[PDB]
Amino acid sequence: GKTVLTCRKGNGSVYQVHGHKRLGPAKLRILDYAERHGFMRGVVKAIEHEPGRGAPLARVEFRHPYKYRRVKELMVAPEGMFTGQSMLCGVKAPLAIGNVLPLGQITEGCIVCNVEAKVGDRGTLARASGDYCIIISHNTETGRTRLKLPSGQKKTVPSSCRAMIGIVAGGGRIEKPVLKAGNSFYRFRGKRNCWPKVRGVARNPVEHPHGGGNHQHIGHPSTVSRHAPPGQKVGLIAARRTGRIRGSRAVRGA
RNA sequence: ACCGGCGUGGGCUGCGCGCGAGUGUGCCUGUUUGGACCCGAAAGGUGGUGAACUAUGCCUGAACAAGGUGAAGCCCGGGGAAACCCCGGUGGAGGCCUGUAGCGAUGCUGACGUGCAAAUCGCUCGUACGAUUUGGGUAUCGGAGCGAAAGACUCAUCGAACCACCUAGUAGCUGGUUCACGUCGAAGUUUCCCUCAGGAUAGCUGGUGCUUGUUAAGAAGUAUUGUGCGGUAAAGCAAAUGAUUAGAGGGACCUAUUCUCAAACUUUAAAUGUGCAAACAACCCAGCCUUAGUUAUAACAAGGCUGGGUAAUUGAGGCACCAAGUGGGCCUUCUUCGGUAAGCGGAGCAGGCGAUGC
RNA sequence: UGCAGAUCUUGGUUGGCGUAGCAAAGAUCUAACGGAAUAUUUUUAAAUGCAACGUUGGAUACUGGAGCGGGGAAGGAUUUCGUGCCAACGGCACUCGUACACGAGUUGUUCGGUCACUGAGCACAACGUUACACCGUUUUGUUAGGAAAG
RNA sequence: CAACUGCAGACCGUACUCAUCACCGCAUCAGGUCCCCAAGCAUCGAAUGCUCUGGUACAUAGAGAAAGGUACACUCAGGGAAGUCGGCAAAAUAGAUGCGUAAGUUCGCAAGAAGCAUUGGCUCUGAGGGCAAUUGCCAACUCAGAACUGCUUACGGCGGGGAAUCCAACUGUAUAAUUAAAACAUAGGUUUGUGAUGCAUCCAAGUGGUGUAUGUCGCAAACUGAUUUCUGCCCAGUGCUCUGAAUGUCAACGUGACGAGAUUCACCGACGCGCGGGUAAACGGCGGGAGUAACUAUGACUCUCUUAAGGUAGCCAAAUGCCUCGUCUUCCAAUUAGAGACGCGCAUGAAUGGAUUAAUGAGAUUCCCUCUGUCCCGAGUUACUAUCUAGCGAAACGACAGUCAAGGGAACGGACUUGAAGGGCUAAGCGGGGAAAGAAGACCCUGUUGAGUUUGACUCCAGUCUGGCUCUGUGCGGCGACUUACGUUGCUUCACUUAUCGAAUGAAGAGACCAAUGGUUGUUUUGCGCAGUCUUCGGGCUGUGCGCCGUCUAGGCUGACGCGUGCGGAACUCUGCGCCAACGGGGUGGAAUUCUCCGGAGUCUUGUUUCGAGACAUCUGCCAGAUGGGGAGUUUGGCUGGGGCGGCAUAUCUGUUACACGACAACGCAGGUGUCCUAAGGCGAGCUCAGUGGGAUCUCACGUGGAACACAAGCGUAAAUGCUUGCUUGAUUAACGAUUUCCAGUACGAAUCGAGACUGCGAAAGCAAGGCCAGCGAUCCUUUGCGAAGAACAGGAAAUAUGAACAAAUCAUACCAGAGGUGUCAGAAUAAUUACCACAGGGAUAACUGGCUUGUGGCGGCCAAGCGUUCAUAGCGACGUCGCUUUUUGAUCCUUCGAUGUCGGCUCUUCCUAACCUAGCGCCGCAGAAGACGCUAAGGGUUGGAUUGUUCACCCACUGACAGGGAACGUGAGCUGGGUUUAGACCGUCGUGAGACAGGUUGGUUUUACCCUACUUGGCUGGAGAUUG
RNA sequence: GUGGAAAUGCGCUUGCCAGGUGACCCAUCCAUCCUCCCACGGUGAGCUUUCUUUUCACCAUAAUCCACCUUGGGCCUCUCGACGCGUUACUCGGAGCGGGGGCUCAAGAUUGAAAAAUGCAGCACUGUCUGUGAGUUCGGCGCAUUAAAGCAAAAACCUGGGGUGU
Ligand SMILES: [K+]
Ligand SMILES: [K+]
Ligand SMILES: [K+]
Ligand SMILES: [K+]
Ligand SMILES: [K+]
Ligand SMILES: [K+]
Ligand SMILES: [K+]
Ligand SMILES: [K+]
Ligand SMILES: [K+]
Ligand SMILES: [K+]
Ligand SMILES: [K+]
Ligand SMILES: [Mg+2]
Ligand SMILES: [Mg+2]
Ligand SMILES: [Mg+2]
Ligand SMILES: [Mg+2]
Ligand SMILES: [Mg+2]
Ligand SMILES: [Mg+2]
Ligand SMILES: [Mg+2]
Ligand SMILES: [Mg+2]
Ligand SMILES: [Mg+2]
Ligand SMILES: [Mg+2]
Ligand SMILES: [Mg+2]
Ligand SMILES: [Mg+2]
Ligand SMILES: [Mg+2]
Ligand SMILES: [Mg+2]
Ligand SMILES: [Mg+2]
Ligand SMILES: [Mg+2]
Ligand SMILES: [Mg+2]
Ligand SMILES: [Mg+2]
Ligand SMILES: [Mg+2]
Ligand SMILES: [Mg+2]
Ligand SMILES: [Mg+2]
Ligand SMILES: [Mg+2]
Ligand SMILES: [Mg+2]
Ligand SMILES: [Mg+2]
Ligand SMILES: [Mg+2]
Ligand SMILES: [Mg+2]
Ligand SMILES: [Mg+2]
Ligand SMILES: [Mg+2]
Ligand SMILES: [Mg+2]
Ligand SMILES: [Mg+2]
Ligand SMILES: [Mg+2]
Ligand SMILES: [Mg+2]
Ligand SMILES: [Mg+2]
Ligand SMILES: [Mg+2]
Ligand SMILES: [Mg+2]
Ligand SMILES: [Mg+2]
Ligand SMILES: [Mg+2]
Ligand SMILES: [Mg+2]
Ligand SMILES: [Mg+2]
Ligand SMILES: [Mg+2]
Ligand SMILES: [Mg+2]
Ligand SMILES: [Mg+2]
Ligand SMILES: [Mg+2]
Ligand SMILES: [Mg+2]
Ligand SMILES: [Mg+2]
Ligand SMILES: [Mg+2]
Ligand SMILES: [Mg+2]
Ligand SMILES: [Mg+2]
Ligand SMILES: [Mg+2]
Ligand SMILES: [Mg+2]
Ligand SMILES: [Mg+2]
Ligand SMILES: [Mg+2]
Ligand code: NA
Ligand code: NA
Ligand code: NA
Ligand code: NA
Ligand code: NA
Ligand code: NA
Ligand code: NA
Ligand code: NA
Ligand code: NA
Ligand code: NA
Ligand code: NA
Ligand code: NA
Ligand code: NA
Ligand code: NA
Ligand code: NA
Ligand code: NA
C-alpha cells in the first residue's frame, strides 16, 4: 500500500504553519535581577490582533536595566487591559489585574494566567482564550505550589515561577455557530493546511486501513492498541471506553 | 570382505583373477553446461532525470457590463396609563436571483469520425462578490508525491512515471528453419513422475556389425497325430440356490405336477481356442568308475568313462552395440458395456486411413 | 557456404487512381499599365491561343473599438529595409512573398536592468553525521562549545 | 555655509513579431496563450444590429434546379402525442406598465406563483429647477393626461406553466479523452489520546525534523452528516482497556552442586498469557411450537421449548418483497406504469443512524394545460455539397480471382460432380454477399506465467513494550545469604553532588560575610598545646582544645556607642514626561591647575552561567523475551462428457462387465480395506452342525452340510479346515538360498519351495517359523540392539574400526539388524480475492449461428371399452400401439478463440401449409337462420390502441378475418440502444476482510465502401467456322 | 538665530536615543485630467431635378518656474451652549456645539516667464473659439459591509531629545 495521511504530515512539507503575518512568540519578560528583588514598571501602548490566534496580544514598553534604550515586549493580554495602563513585574509588585508576581506571593484561591511551569520558561500554561488556573495551596517547607489546570488536572510547581493575574481575553469564542463552509475556510487560512477532512471509509484500501468494501463500513473494531506501528494507529487510540458518556466523566489525560 | 557349524566341511559377496589391451591422435553421432538453431512476454533489480502538462500550500501583482429583490442602522407621523405596538420614507446586506466577459461541459446519444483537431466544431446548457478567476516567483515526487477521494493527477506515458544498465532475462507455449538423387522406413501403446499441451522407460525403425551355413543349428501369426486345460453360445427349472402362474389328491400344510425366467444360478455342455511332444549337445542296450545322497544291505539317485544300433511343406539359424521419430489418433467387419438416441462416450479380435496414389 | 513465405529486416516498385477529395470565417467587378505569358492560323470580323498574375484610378462590400486597430511580457532571433530574382517552396496561381541572392539598419547623465532594498525561500562558511558528503542544521532576532568587530 | 560659474557625467538592452502566417501543437493547423488604450445611433446595455477613423477583399476556382446528404435555413389543409423505451427533436412563453396572486413554511420565502388589461403615429396640456435685480434670462429629460388618426399584430433581443412521488438539507467539488450523480465536501452532533522528560509523527544517522510563532475555548485521531423530533435491549464472541499482579507458566543474565573437564542438574527470573473487572455514537447482534371468547373468523388469556439479548419507537411490495403483473381505492375506453391504503417484512429499523422536512437541483419517476410534421402521410422552396470542367492530387486494402441451383465435403463453395445461364467496354447510385476492414479475443479454459488488494495462510523485518549488563560517584541505616560473630555479599530506606538528563539566558549580579560533625604546605615565610600510639630519630598518624583564613551592611527594636531582629534593601499615587558618554572627595608628584592612583559604585571564592531532576532515567551501546498485514517474499493439489459445487473412479480386495487359456476400459454395477486376536496362533484327542419329528431343559431317530470358520465376497472343509478340552510359545532365530504376483521382467507390499539352531504337541508317522489369499511406506536425519569376561610373545581359522606427531580417560563417527512417515500412498513444507486487471496460448475446452439425435415440445394414424334421448365410429373416444416435423427445451462437442458484431422493435422483399377470411364441393344429432366436420385449394388478404425493454400474455375497439411458420432464432459498413454485459454510486442478504449475488436501482463513445459481384437506371461498339475458310 | 497672546511665520555641526515617510490599494457619493454631445463664430471642402441661413472637417499649448479666489479637513482666539450644527447615507457637542476673526494641510482656479519664434488649413499673405450637459476611480469622505477573515517587510530619507559651537 501507500503512505497514510497521518504519516505524511510528519514530513511537514505543505502542512507547516502559515506565519507570514504573525507578530512573533508571545512571552513574558526575561527573569532578571530586578524582577527577583524589586519590580519593573511598564506601559501598555497597543492591543493588537494576530491571525490564527483567538486571544488579543499587548505591546508593553519597559526601560532597559543597564543601558540607555527602550525595550518592547509582546504578551498575551488579560481581560480589562487597556492602553496607558501601568504593568508591574517583580517580587515587590502589588496584587492587581495585569501584574506579574511569583507564585509564592499570590494568595490561595486567586485566578491566574500565563503560568510558568519552570522558572524562566516565560509562560506556558493557560494561554488560550478565556482560560485560567486556580491556586490551591502552598508548601513553605518544600517551596512548591499546587494549581488546578484548565483541563481539571492538578500540577505542582516551584513557588518561584511567575504568573499573571486575571483571565485571558477573548472568552466566549466557541459559543457562536459557524454556519457556512466558507467561514471555516477563513478560520484555517491563518493556521495551517488541514481542512476540509475526508473520512477514512471513503478512501481506497491502498490508502487507509478503513478503505474499501461494497458498503461503506469498517470491518474491524476501531479501538487500536497503544503499541500499534505508525500507519496502523488510526481510529480511537488506546481507548478506555467508548459510546455516550452517562453521568460524571473522569478527568481526561494520563 | 561377511559369516554358519565342528574337516581334504559349508554359503554368500566384489566395477575380482583365471598368459594382459591399453594409450595418443583424427573424424562423425548422441548426453550436459553455457546466448546455445532463429525471433517473442506479463515481470524482478541498481543508479539517475523530471511539478513548462497537471495536484496542493505560500509570497507579490491583475480582473469581475446591465438589471431584480430589498436585511440591520436612521428620520418623520399615529396609537397607548404603562409594557410597548403600527404606517410612510431612507439605506443598500446576501457562499441571494435574471444576465455579458471569464471559468465550465447537460442534451442533441447533432456534425466530424483516413477530421480543421492523436478530443475539435454548432446550437442548447451550469455558474458568474466568491470555498471566485488569473500572471510571475517559490515549496513537496517514484517501494514516492499530492488528492473537497474519481485507484484522480505527477510533460499525449500511471491498480506504481521516464531514462540507461543487469538483459540476447526465462518460456513444457505460438511462428520460422535455404541443393539433388539413391537404399530402408514408423508411432499414437506399457510402467513411473505436483503427472494429464511435458518427460524418463520398454515396444515399433535405421546404421554398424559379429558368429556361422549351403540341405537345416536354438526356424514357422499354418496343418496332422498323441496328450492336457476351460464353463462362453446353447440347454434346464419335471435337478441344488433365487424368482414365479394355476389347477389336482390327502383355510393352512404335505405329495406329484403345471405357465414362465436369471450379468453377479446351474447337473450337462459346443464352435472358434489354448499348453506340451513327435531324436544327434538325443535315445536303447552291454560292461565299468566315483560319491560324505536314499534304503536294514541287493537296489535306487546323481556325475562320468568304453563298445555296439537308431509330424505335412515352407525355408537361412543365433548373438550384440549406438541412436532417431513417436507416446492427441480415427474408421470399418464381427462380439460388446452406458445412454431414448446421436456423424455420442468406453472396450475385445482383425483389416485399413493417417503415410497413397491408380 | 545454397531461401518463397518467419503480422521477417532495409531499399525500390506498385493496382486502387487522374480516383476520394482541395465545401466554417458572406465577394468581388471594371479600364489603363507591367510582364515571354498575345490580338500566336497559310493547311473578311464569331464558329482555330484558352485560362490565369501585380500596380494605380473608379465601383461594391466586410471587420464594427471584447476589431484581419495601435503598443508590450513569455517564446522566437534577422522574419525588419532597399535592389534584384522565379529553379525548389507558400497542398490552385503568382510578374507576389515571412521564399532565394547581394548589400544595409538598433545611437540614452534622466527610459528598463546592474550599481543600491527586503519577501515566500536557497544554502557557502562553521559544526555534526555517514564505510563514503553527492547528507542534515542554517529568520520564532538570525551561524558556529562560540576568541568570526581591523 | 548658502548662490553663481567651469569641467565631466561609466556598463548592458534598444531592429521586427506577439498570432485565422513570426510562439506551443511533426505544418502558414477552425485548438491553446498574460497586460494597456476603446468612437456614433437604437437600447437598461461591454447584450444584439448597423456606421466615421484605422484595417482588410487573404483563405483553389468556373459552369450549373439528378438522386441521397449537412445546415449557426423555412412553410404546410384537417386532427393534435394516436409516434416512441421515453414529448427525443421541434413548436411554444417572452420587454415594459397597472391590477392580482394558492397550498405549504424553518416566517426569510414559495413569487415573475397562477391570471387579466394596455402598448403605433400626429397635435397639444400639466408637474418636477437655477441665477440676478414681482420681473427678466437660462438648463435636464422623466412621468401623467387629452383630441385626431391607423394596423397586413409586422427588425433585433427576451421565462412555457401547474399537481405529485423518490434522493441529497442548501452554495460548492468531482473520473483531462464514453459515468456530474443519489457520490465527495459542508455547517451541526458524538467519541478517543494528551499538562511538554507530553500525544501524534519524519529521517540511514547526529546537540537532527513536523503539528509547535503552539498550551485543553489547544493540538492530534475516528465516525455520522442542516434544522425539527428521537436515538430502545445485548459485554456471551472478537477488540480495546484497568490504580487488580493475587497466583500458575517463561528468555537471557545471575547463584549453587556431581564430574578431570566439555557437558548435565537445581534455584531465581520481567512484561505478556491465564484469571477477575469496565466498555456498543467499538466491530457487531436483536427466537420457536400447541390450546383458547354464546354463527364463523381472529385470539386479549394459557402452556411449553429456548437466547448475551430475543427487533422497542417508527416505516414499507420503498433506490430494500422471492412468491409477484401481491390485495383494495383512485387515475383511463382499456394501465406488468403512477398515487393513497393494508403488513407473520424471502431478507425494514434507530449516529452500521430511524422518521419527517420549507427552500434549493443540467438528479430519477407519473399526470394535466398550452403547443406543435413525433405521427396519420407526406409535399414545396433556399445555401453548401455530390454531379461536369481547369489546376492539383492521397490512403485503407491487395494469395489468385469474382454468374447460379442441388450434391457431397471440416456437417453454410468463386474454384470440385451433375445441370442451368453467360457479348465486349462501361457513367451515376446502392449496401444482399465477398462467413468484407480495423486488434496475435478483453468472455471461457489451460500453464508447475504474473501483478494490484485482503486476512485466522507459510516464513520473516522495522516499530512499541519489558528484563540484564555498561554508562556510574560519595555517605548513613535495615532485611537477609554464606564462612566461626567478624568478613564478603544481594536487595532495599534516606541524605548528597561531580557524571548524565531537561529548560532559560546577548551564559547580566550565585553563595558567604549571620561562621561548622570546615581547612590551616601558606604568593613573596602563621601556627601553638594535651593524651594515646608509632619512627629510618629528622618527625609523623588519631582524637581533642586555642589562634588564623574571617568582613562590611539599608532599615527596625532596646539601654552614641553596645545588644537582639533583617539580609543587600533609599521607588509618588484604573487611564502614556525626561533619564546615556560622572559630578564631587581623598592622597603622589609638578605649578599658580596638569598627570596618576584610591573612593563615589562594600569585600571574598576548597573554582561550578543560573534553575530543576540526579546516580535513577529508558541517557548511550550490546544481549534476551513478547507483540507486530505497518511492511517484505512466496504459496494457495489432481482427475473431471468445459470449469465450479459434488464425488474419489488418487494406494488397494471379492463377484460381475470379460466374449469357456492369459490380458481387457468407463464419474460402469453390487460391496469392502488403514482394523481385530496370548488366543481368535501351534499340536494331540474326543465329538458333530443348521434343522425336523415322536415323548416328560432331558431322551430317541433322521439329518451331504442346507451351520461355523473376527470382518466384504468367492473357493474350500464332516472320525474335519467346524465345536469342546489338555498342554504350549514355530507370531523366535533363520549363514544376503531360490521363486511367484505387479512388471521395465525395477522397487515396495503380499505369498510359495528350502538348508541350519533351539523347540512345542503327539506312542508314532507327522504338523508348526502366525490367524490363506485385503489390512501398508524410499534418500537424508533421529533413536535402539549385537561387536559379554578370559585365552594368543603376535593379528593368525579364532581379539569390531577410525578421530592421520604420540600416549590415558571421556566424547563423536562408521559397518549390520529394527523403529519414529510421507493416505497427492515411487514419498514439495502452503490461505483468500480481482468487474481495475495482465501475458503466452488453446476451437485439445464452455457462452451465440450451423450439423447429427428427438427424450421433452408440436402435429397426426390403427383397434374399439365407453359417451352421445336407444345408437362404437354425426361428433367424440379411454386402455394400448405405429409414425411424422425440427417452429421449444435438453444431449453432444464436428467447424470458428492472430474475433462470423451477441435481444427486441422499426423498414423491406420472398418462400411454406399443418387453411383464420375470400372460391368450389360432400356430410351432420343440417326444418329456416346460425354452426360442426371433411376434401381440392397458398391466387389475394390478415387492423388501431392502454401497461410492459420485452418475445409471450391480458384488456379496449374495428373488421370478411384479425391463421401459424422459415429465410445465419432473415435483416446493426440499414437505423435505434430500452434490455443484457466493464470502469462511478446506493440498498438487501452473505463474508473477519478484500469482496460476492442468473437479487433490485440510477448514469454510462455504435467506426470505414472510392474495389469485385448482385441489383437499379444510363450510354458506346463488334459479331453466322459466334471475330478465322 | 528671530516674529506673534495663540494656532504658528521668517532667515553652524551630530558618538547616543526617540518618532515619522516609505506603508498597504473599498461598495455608494462628489470629482480633476481626458472624450462625447449641444449654442454661438471664423476658415475649407460637399450636395443643389426640387428643397436645405444647411451636411462634413479643423479651431492645438509639453515639462519647469514666479506671484497669490473655490472646495474639503485639522486647529487657535473672542462671545461660552440643553437645545443646536450637519450628510444621499448608518452623526456629533461643557472631555467645549454654534456665530465673528484668524493659523494651517490637500486638491484645484487665476496673472505672468517658457510661447509664437511652434503647430494646423487655404492661397507672399490670410484664419488660428468661448460657454453649457453626460460619461469617466487622480484625489476626498483616513469611508459603509463579511470577519472565529481585521497594517507585508526593509534600504534610503526627514524631524526632534540631549550634546557641541557662536
Ligand atoms: K475572556
Ligand atoms: K522424440
Ligand atoms: K409552484
Ligand atoms: K452537475
Ligand atoms: K464533522
Ligand atoms: K459482548
Ligand atoms: K467484551
Ligand atoms: K443536478
Ligand atoms: K455488403
Ligand atoms: K527347521
Ligand atoms: K524438489
Ligand atoms: Mg515555520
Ligand atoms: Mg470510492
Ligand atoms: Mg491495508
Ligand atoms: Mg454510509
Ligand atoms: Mg527478449
Ligand atoms: Mg519475484
Ligand atoms: Mg445565478
Ligand atoms: Mg454523436
Ligand atoms: Mg473502485
Ligand atoms: Mg511450425
Ligand atoms: Mg519399402
Ligand atoms: Mg500426423
Ligand atoms: Mg532473395
Ligand atoms: Mg472529383
Ligand atoms: Mg458591417
Ligand atoms: Mg485588436
Ligand atoms: Mg502551389
Ligand atoms: Mg497585442
Ligand atoms: Mg491557429
Ligand atoms: Mg432613447
Ligand atoms: Mg454594443
Ligand atoms: Mg459584443
Ligand atoms: Mg399541419
Ligand atoms: Mg405504438
Ligand atoms: Mg427538448
Ligand atoms: Mg397564503
Ligand atoms: Mg406575470
Ligand atoms: Mg446536493
Ligand atoms: Mg469523462
Ligand atoms: Mg459528461
Ligand atoms: Mg414491506
Ligand atoms: Mg420498487
Ligand atoms: Mg403513460
Ligand atoms: Mg405504494
Ligand atoms: Mg444504538
Ligand atoms: Mg441497515
Ligand atoms: Mg449546484
Ligand atoms: Mg451455390
Ligand atoms: Mg460502379
Ligand atoms: Mg490468442
Ligand atoms: Mg502440469
Ligand atoms: Mg503480503
Ligand atoms: Mg483441474
Ligand atoms: Mg495377511
Ligand atoms: Mg472441437
Ligand atoms: Mg470482422
Ligand atoms: Mg459480416
Ligand atoms: Mg448487414
Ligand atoms: Mg457483516
Ligand atoms: Mg435645557
Ligand atoms: Mg441652559
Ligand atoms: Mg470659531
Ligand atoms: Na472497509
Ligand atoms: Na458506515
Ligand atoms: Na535466442
Ligand atoms: Na537469450
Ligand atoms: Na511427488
Ligand atoms: Na499444439
Ligand atoms: Na503431444
Ligand atoms: Na527570509
Ligand atoms: Na452560486
Ligand atoms: Na455525502
Ligand atoms: Na415492528
Ligand atoms: Na404501482
Ligand atoms: Na454507400
Ligand atoms: Na504424488
Ligand atoms: Na419427437
Ligand atoms: Na412426443
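We name chains A, B, ... by the order of the sequence lines, and we start the count at 1 in each one. Side-chain atoms are counted along with the backbone in the values below, which use heavy atoms only and exclude waters and symmetry mates.
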Exceeds 12 heavy-atom contacts within 6.0 angstrom, atom CZ of A:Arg146: no
Under the convention that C1'-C2'-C3'-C4' above zero is north and below zero is south, what is the pucker of [N]?
N       : value
D:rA508 : south
D:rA764 : north
D:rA169 : north
D:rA440 : south
B:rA42  : north

Pairing status of [N] with [M] is requested, where a pair means Watson-Crick or G-U wobble geometry with both distances under 3.5 Å.
N       : M       : result
D:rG380 : D:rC667 : no
D:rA708 : D:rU717 : yes
C:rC89  : C:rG97  : yes
D:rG584 : D:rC367 : no
D:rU610 : D:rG600 : no

A:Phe62 six-ring centre to A:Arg29 NZ/CZ under 6.0 Å and within 45° of normal: yes
May I ask you to say what [X] touches in the nucleic acid, namely base, sugar-phosphate or nothing, with a heavy-atom cut-off under 4.0 Å?
X        : result
A:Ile237 : sugar-phosphate
A:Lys233 : sugar-phosphate
A:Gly12  : sugar-phosphate
A:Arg226 : sugar-phosphate
A:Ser129 : base

Base of [N] relative to its sugar, syn (within 90° of 0) or anti?
N       : answer
C:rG91  : syn
D:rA769 : syn
D:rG972 : syn

Residue mapping more 5' on RNA chain D - nearest nucleotide basis, A:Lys67 or A:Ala228: A:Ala228
Pairwise 5' ranking along RNA chain D for A:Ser13 and A:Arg127, keeping only the more 5' one: A:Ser13
By nearest atom, which of the nucleotides [options] is closest to the [X] side chain?
X        : options                   : value
A:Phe39  : E:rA18, D:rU192, D:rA571  : D:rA571
A:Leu236 : D:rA510, D:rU191, B:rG95  : D:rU191
A:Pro221 : D:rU224, D:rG239, B:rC146 : D:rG239
A:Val198 : D:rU212, E:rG161, B:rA148 : B:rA148

Atom [atom1], compared across [N] and [M]: separation rounded to whole Å:
N       : M        : atom1 : answer
D:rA891 : D:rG641  : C1'   : 10 Å
D:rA983 : D:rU1005 : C1'   : 14 Å
E:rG122 : E:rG44   : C1'   : 7 Å

Let's test your reading of the model: under 3.5 Å, does the base of [N] pair with the side chain of [X] as donor and acceptor?
X        : N       : result
A:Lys2   : B:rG143 : no
A:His215 : D:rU989 : yes
A:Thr124 : D:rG215 : no
A:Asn214 : D:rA994 : no
A:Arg252 : D:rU194 : yes
A:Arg53  : D:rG215 : no

Salt bridge flag under 4.0 Å for residues A:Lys2 and A:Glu207: no
Aro-ring/base stack A:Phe185-B:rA131, d under 5.5 Å, angle under 30°: no
Aromatic ring of A:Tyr66 stacked on base six-ring of D:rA508, 5.5 Å, 30°: yes
Side-chain N or O of A:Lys118 closer than 4.0 Å to phosphate OP1/OP2 of D:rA503: no
Parallel, tilted or perpendicular: rings of A:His64 and A:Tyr66 (30°, 60°): perpendicular
